[PDB]
Every structure is written in C-alpha cells, then in structure tokens.
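A lone chain, given as structure tokens: the form deposited in one PDB entry.
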C-alpha cells in the first residue's frame, strides 16, 4: 500500500512499532537485497526515541572488496540530499555523520554481517534530541511528516546505490562536495594528532595535514577544534 517505485532499495519494508535494533535484526535475519527495516523506536540503538527515522537496509553489492568502505557514504549523501529537499543544508562530518550548523542531525552505521552488508541510518526528525544536536523539526520550526522523509530518503538511496553498482567512484566526489573540509581536527586514540582535514582520497580515507607538514591518512573518533 506504500506504492514505492524504487528498483532495489524498498522492494520490501519491514516496519516495527518497537525493536531492539534495526541493524541487529537485519544482520541476523535472512532478507532479500533491498529490504528496509524500520521502527518507530529502538530500545538498544548504537553507533532512538519516537519521532525519528530509524532504519537499516540490506545490501549485497557484487563490487570489488576495496570500495566496500564506501557504503557508509551512500547513506550520508542520501541524507544530505533528502535534507536539501526539505530546505535544510546538511554537511558531512567524515565519515558517518551529517551536521546542520555543526549540530548533528543524522548518523550512519555500516556492518558487514556474513556476505551481506547492512546500512544503518538514524535521522532526527521530530524526536527530542540531546543538547548540541538538532532535528528537522527544530530546523524547520514544525513537525515534519515522517513518512514523507522516509519516501524521500529511500528514493535517493535507491538511485545512489544503483549508480554505485556501476560507477562506484562517483560517490566519493559527492561526499567531497558535501563534507566539512579545510578545518582543524583531532584524531583521538593512541598516537593521537591534530591537523587540517584536507580531503578524502580514492579509498575514502581522510587526509590530514599536520602542522609539521606530515600527511596522514585516516581509515575513528574525530573532533573539530
């Protein structure tokens, strides 16, 4: 009854009033490629109250092993395109987040269970959000039809994915033109360091120029300074 017109993503949709995790369900259940798992709320979300868009998409891209790490970008760019349709300007915080005026509005989590890949996306729409974060509702000043957002996002993801299967390098430039670059960041963890986020390379790695001139490639906890 949803009348989705997508080719792969959205061929089937499994909706839950409540679920522990859409990613976990997608990983442990046999599902046809393109199956979308969506829930009103997730009890055990990871990286999800009522009002947000919480979903996972089952993919099985028969593409080279090296571009597998690009699936996360499909999710982020998909979100950016959807936000634009709703008059919101989202920017990608490498490698899995979308911010609006530096406030997080969405997050992406990709897991490769077995031979299938699960693309998880969490987008704040009408749900309450933690201080520092934002939502489509807070940006627009009014409640946004959640199903309208779902339809828009699924449509964009199906298009991006079909093209990815043919021209897998295309997504990188879309990410570049929509990500936060030219600013100082810090990579947390052992061997921590700071520098300018210059660009992403052909593998999707973040290229950091340290003040010494050294160039590092990040394949991760990132912080804007």
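Take the two forms, superpose them, and find the largest set of C-alpha atoms that agree within 1.5 Å; that set is the rigid core. Numbering follows the first chain given and starts at 1. Only residues modelled in both forms are compared.
In the deposited entry, the stretch joining residue 219 to residue 220 is interrupted by 1 to 3 residues of the deposited sequence lacking coordinates. According to the entry, the deposited sequence has 4 to 9 residues without coordinates between residue 47 and residue 48. When the mean C-alpha temperature factors of 177 to 185 and 65 to 73 are read from the deposited coordinates, 65 to 73 comes out higher. The PDB entry records a higher mean C-alpha B factor for 112 to 120 than for its counterpart among 85 to 93 and 112 to 120. Comparing the C-alpha B-factors of 163, 156, 192, 35 in the entry, the top value falls on 192. The PDB entry assigns its highest CA temperature factor, among 133, 146, 80, 106, to 133.
Per the deposited record, the Cα B-factor of residue 25 falls in the middle third when ranked against the other modelled residues of its chain. Among the modelled residues of its chain, residue 98 has a C-alpha B-factor that falls in the lowest third, as given in the PDB entry. In the deposited entry, the Cα temperature factor of residue 137 sits in the middle third of values across the chain's modelled residues. The deposited CA B-factor of residue 39 belongs to the lowest third of values across its chain.
Ranked by C-alpha B-factor against the other modelled residues of its chain, residue 204 falls in the highest third.
This next part talks about the form deposited with a small molecule bound, which is not shown.
Contact with the small molecule, judged by heavy atoms within 4.5 Å in the deposited bound form, is confined among 51 to 59, 190 to 198, 168 to 176, 155 to 163 to 51 to 59. Among the residues 71, 108, 100, 83, the one placing a heavy atom within 4.5 Å of the small molecule in the deposited bound form is 108. In the deposited bound form, residue 79 stays away from the small molecule, with no heavy atom inside 4.5 Å. Interface residue remark: residue 34 is not counted as part of the site for the small molecule in the deposited bound form, having no heavy atom within 4.5 Å. Although the partner is absent from this view, residue 136 stays clear of the small molecule in the deposited bound form, with no non-hydrogen atom inside 4.5 angstroms. Within 4.5 Å of any heavy atom of the small molecule in the deposited bound form lies no heavy atom of residue 182. Core-superposed comparison between the shown form and the other one: the Cα of residue 189 travels 2 Å or more. In this core-based overlay, residues 189 to 191 form the only run of three or more whose Cα positions differ by 2 Å or more between the shown form and the other one.
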